[PDB]
Amino acid sequence: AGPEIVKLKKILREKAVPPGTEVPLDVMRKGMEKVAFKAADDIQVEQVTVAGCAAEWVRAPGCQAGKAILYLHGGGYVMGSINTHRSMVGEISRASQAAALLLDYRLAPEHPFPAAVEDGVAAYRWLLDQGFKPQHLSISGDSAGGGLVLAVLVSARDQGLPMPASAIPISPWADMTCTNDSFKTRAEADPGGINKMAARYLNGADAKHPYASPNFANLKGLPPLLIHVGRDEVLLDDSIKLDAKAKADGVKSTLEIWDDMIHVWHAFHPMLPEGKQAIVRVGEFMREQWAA
C-alpha cells in the first residue's frame with residue numbers, strides 16, 4: 001500500500017456526486033474552477049493569445065533558453081481551463097526546466113471536434129513560427145488533453161510538420177467509444193458521464209476518427225512517448241492500447257502503470273508523494289529526450 005492515496009481516495013469518495021446523478025455543464029465547469037489549485041508562488045505566468053486562443057506561458061525556476069512544452073489540459077473536452085491546470089503545469093515546468101505554453105483551446109459542446117485539434121496544431125505551428133526548434137519541443141497533456149496530444153501529432157504530421165522531441169500523455173483518453181474492460185474491471189477502484197462528454201465533443205462524428213480517438217490512428221513517425229496511468233483508473237485500457245498501437249506503429253513508448261494510483265494523480269502533488277514524483281519523472285523524461 002501507501003497511505004497518502006488512502007487518505008485521498010477517502011476524501012474523493014466523500015466529495016464525488018452519486019453514480020449517475022446528472023450534473024449541468026456550467027455547474028460542472030465552475031466546480032472545477034472553484035476547487036482548482038493555486039500555482040506555487042515561485043511560478044510565473046504571462047498571458048498571450050495563440051491561434052485565437054487565450055494562453056499563459058507558465059515558467060517555474062530553472063527554465064532553459066530554447067525549450068518548451070505545449071501543454072493541453074484535460075476535462076472531457078467540455079471543461080478545464082488555464083486556471084484549473086496552472087498548478088500542475090508549473091510543477092511539470094519545474095521538473096523539466098522548460099516553460100509551458102498552457103493553451104485554452106476551444107471546448108465543446110460550443111466548439112465540437114475537430115476544434116480543439118485545430119487549436120493544438122495551430123499552437124504547435126505557432127511555437128515553430130516563433131522559432132522554437134522541433135527538437136527543443138515537447139508536447140504533453142492529461143486525460144482528454146492526453147488524447148489530443150496524440151491527435152495533434154498525427155494531425156501535424158499529416159500536414160508536414162516536423163515532429164517534437166518527446167510527447168508525454170498523462171492518463172490519456174484516446175478512444176471515444178469508451179468500450180474498454182477497464183471501464184468495468186477498474187470501475188470500483190476510481191472516482192456514464194464520460195460518455196455524455198464524448199457525445200458532446202463528437203457531436204455525431206465517427207467515434208473511431210483518428211483525430212478524435214488516436215488509439216485507432218496511424219502513429220507511424222511520432223516521437224518517443226512516455227505514458228503515465230494509474231492501475232486504479234477507469235481509463236487504464238486506453239493507455240495500454242496506446243502503448244500497443246505505438247509499438248505496432250514503430251513508435252518508442254514506455255508505459256508506466258503506477259499502482260494504487262488514480263486518474264491524473266499528478267494533480268495531487270501538493271499532498272501526494274507519487275504526485276510529486278510522477279511529475280519529477282515527466283521532467284526527467286523530456287529532459288532525457290532533449291539531451292539526446
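Below, each value reflects all heavy atoms present in this structure, side chains not excepted, and no hydrogens, waters or symmetry copies. Throughout, residue positions are numbered sequentially from 1 according to the sequence presented.
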**OP:** Determine the minimum heavy-atom distance between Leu128 and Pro134, stating which atoms define it.
**Re:** CD2-CD, 3.8 Å

Original post:
So how far is it from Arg287 CZ to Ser166 OG, rounded to the nearest 0.5 Å?
Top reply: 11.5 Å

Original post:
Looking only at heavy atoms, which two atoms of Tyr71 and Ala100 are closest? And how far apart?
Top reply: CB-CB, 4.4 Å

**OP:** Go through the structure and list residues passing side chain to side chain contact (heavy atoms under 4.5 Å, CB included) with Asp104, not counting sequence neighbours.
**Re:** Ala54, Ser81, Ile82

Subject >> 4.5 Å side-chain heavy-atom contact, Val264 and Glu233 >> reply: no

Original post:
Are the aromatic rings of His73 and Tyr105 close, with centres under 6.0 Å apart?
Top reply: yes

Compile the donor-acceptor pairs under 3.5 Å between side chains in residues 55-65 and protein atoms, sequence neighbours left out, one pair per line.
{"unit_1": "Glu56", "atom_1": "OE1", "unit_2": "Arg86", "atom_2": "NE", "d": "2.6"}
{"unit_1": "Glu56", "atom_1": "OE1", "unit_2": "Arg86", "atom_2": "NH2", "d": "3.4"}
{"unit_1": "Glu56", "atom_1": "OE2", "unit_2": "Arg86", "atom_2": "NE", "d": "3.3"}
{"unit_1": "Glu56", "atom_1": "OE2", "unit_2": "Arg86", "atom_2": "NH2", "d": "2.9"}
{"unit_1": "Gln64", "atom_1": "OE1", "unit_2": "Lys67", "atom_2": "NZ", "d": "2.9"}

Subject >> Closest non-hydrogen atom pair, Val251 against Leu225 >> reply: CG1-CD1, 3.9 Å

Original post:
Taking only residues at least two apart or on different chains, which pairs with a member in residues 125-150 satisfy salt bridge (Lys or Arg N to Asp or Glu O under 4.0 Å)?
Top reply: none

Subject >> Between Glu91 and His269, a side-chain donor and acceptor under 3.5 Å >> reply: no

Original post:
Sub-3.5 Å donor-acceptor pair from the side chain of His85 to the main-chain atoms of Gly74, do we have one?
Top reply: yes

Original post:
Does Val280 share a hydrophobic cluster with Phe285, counting links as ILVMFWY side-chain heavy atoms below 4.5 Å and allowing steps through other members?
Top reply: no

Original post:
Linking I/L/V/M/F/W/Y whenever any side-chain heavy atoms sit under 4.5 Å apart, do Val89 and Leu72 land together?
Top reply: no

Subject >> Whether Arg106 side chain and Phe113 backbone form a donor-acceptor pair below 3.5 Å >> reply: no

Original post:
Is any side-chain heavy atom of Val154 closer than 4.5 Å to a side-chain heavy atom of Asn218?
Top reply: no

**OP:** Just jot down the salt bridge (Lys or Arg N to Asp or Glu O under 4.0 Å) partners of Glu110, sequence neighbours excluded, or say none.
**Re:** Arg29

Expected list for residues 195-212: side-chain donor-acceptor pairs under 3.5 angstrom, two or more places apart:
{"unit_1": "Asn195", "atom_1": "ND2", "unit_2": "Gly192", "atom_2": "O", "d": "3.3"}
{"unit_1": "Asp206", "atom_1": "OD1", "unit_2": "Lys208", "atom_2": "N", "d": "3.0"}
{"unit_1": "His209", "atom_1": "ND1", "unit_2": "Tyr211", "atom_2": "N", "d": "2.8"}
{"unit_1": "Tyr211", "atom_1": "OH", "unit_2": "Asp158", "atom_2": "OD2", "d": "2.2"}

Original post:
Which atom names give the shortest non-hydrogen contact between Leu255 and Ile240, and what distance separates them?
Top reply: CD1-CA, 3.6 Å

Original post:
Roughly how far, to the nearest 0.5 Å, is CD1 of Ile170 from NE2 of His263?
Top reply: 10.0 Å

Subject >> Separation of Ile92 CD1 from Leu102 CG (nearest 0.5 Å) >> reply: 10.0 Å

Original post:
Counting distance only, does the side-chain N/O of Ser96 pair as donor-acceptor with the main-chain N or O of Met286 below 3.5 Å?
Top reply: no

**OP:** Give, for atom CD of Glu284 and atom CD of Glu288, the distance between the pair rounded to the nearest 0.5 Å.
**Re:** 9.0 Å

**OP:** Could you identify which residues cluster with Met261, counting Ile, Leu, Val, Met, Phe, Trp and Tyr as linked when any side-chain heavy atoms lie under 4.5 Å apart, either directly or through a chain of such contacts?
**Re:** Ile5, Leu8, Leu12, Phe37, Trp258, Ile262, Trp265, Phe268, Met271, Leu272

Subject >> Path from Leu153 to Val121 over hydrophobic side-chain contacts below 4.5 Å >> reply: yes

Original post:
So, do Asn180 and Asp175 sit near enough that their side-chain heavy atoms are less than 4.5 Å apart?
Top reply: yes

Original post:
How about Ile194 and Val234: do any of their side-chain heavy atoms sit closer than 4.5 Å?
Top reply: no

Subject >> Exam field: side chain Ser93 to backbone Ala98, donor-acceptor pair closer than 3.5 Å >> reply: yes

Original post:
Within the side chain of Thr21, is there an N or O that forms a donor-acceptor pair under 3.5 Å with the backbone of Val17?
Top reply: no

Original post:
Do you know which two heavy atoms are closest between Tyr124 and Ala156, and how far apart they sit?
Top reply: CD2-CB, 4.4 Å

**OP:** Mind listing the closest non-hydrogen atom pair of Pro172 and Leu235 along with its distance?
**Re:** O-CD1, 4.0 Å

Original post:
Got a second to check how far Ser239's OG is from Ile227's CD1, nearest 0.5 Å?
Top reply: 6.5 Å

Subject >> Student check: side-chain heavy atoms of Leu127 and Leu137 closer than 4.5 Å >> reply: yes

**OP:** With side-chain contact (heavy atoms from CB on, under 4.5 Å) as the test, would you mind laying out the steps for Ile168 and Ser138 before giving the verdict?
**Re:** CA-CA 8 Å; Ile168 300 59; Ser138 169; 3.9 Å; yes

Original post:
side chain to side chain contact (heavy atoms under 4.5 Å, CB included) with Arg231: which residues, sequence neighbours excluded?
Top reply: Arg186, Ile257, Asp259

**OP:** Report the residues that fulfil salt bridge (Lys or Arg N to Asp or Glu O under 4.0 Å) with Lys276, sequence neighbours left out, ordered by chain and then residue number.
**Re:** none

Original post:
Should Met176 and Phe216 be counted in the same cluster of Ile, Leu, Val, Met, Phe, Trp and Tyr side chains packed under 4.5 Å apart?
Top reply: no

**OP:** Can you tell me which residue pairs pass the salt bridge (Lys or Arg N to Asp or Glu O under 4.0 Å) test with a partner in residues 235-255, sequence neighbours excluded?
**Re:** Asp243-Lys247, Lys245-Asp249

Subject >> Spacing of CH2 belonging to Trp173 relative to OG belonging to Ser213, to within rounding of 0.5 Å >> reply: 8.0 Å

**OP:** Report whether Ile11 and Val35 are members of the same hydrophobic cluster (ILVMFWY, side-chain heavy atoms less than 4.5 Å apart, transitive linking).
**Re:** no

**OP:** Applying salt bridge (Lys or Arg N to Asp or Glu O under 4.0 Å), name anything that partners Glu256, two or more places apart in sequence or on another chain.
**Re:** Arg281

Original post:
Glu188: what forms a side chain to side chain contact (heavy atoms under 4.5 Å, CB included) with it, not counting sequence neighbours?
Top reply: none

Original post:
Taking only residues at least two apart or on different chains, which pairs with a member in residues 36-45 satisfy salt bridge (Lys or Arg N to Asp or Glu O under 4.0 Å)?
Top reply: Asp42-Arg94

Subject >> Option among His266, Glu274, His228 that satisfies the side chain to side chain contact (heavy atoms under 4.5 Å, CB included) test with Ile279 >> reply: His266

Subject >> Student check: side-chain heavy atoms of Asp119 and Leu103 closer than 4.5 Å >> reply: yes

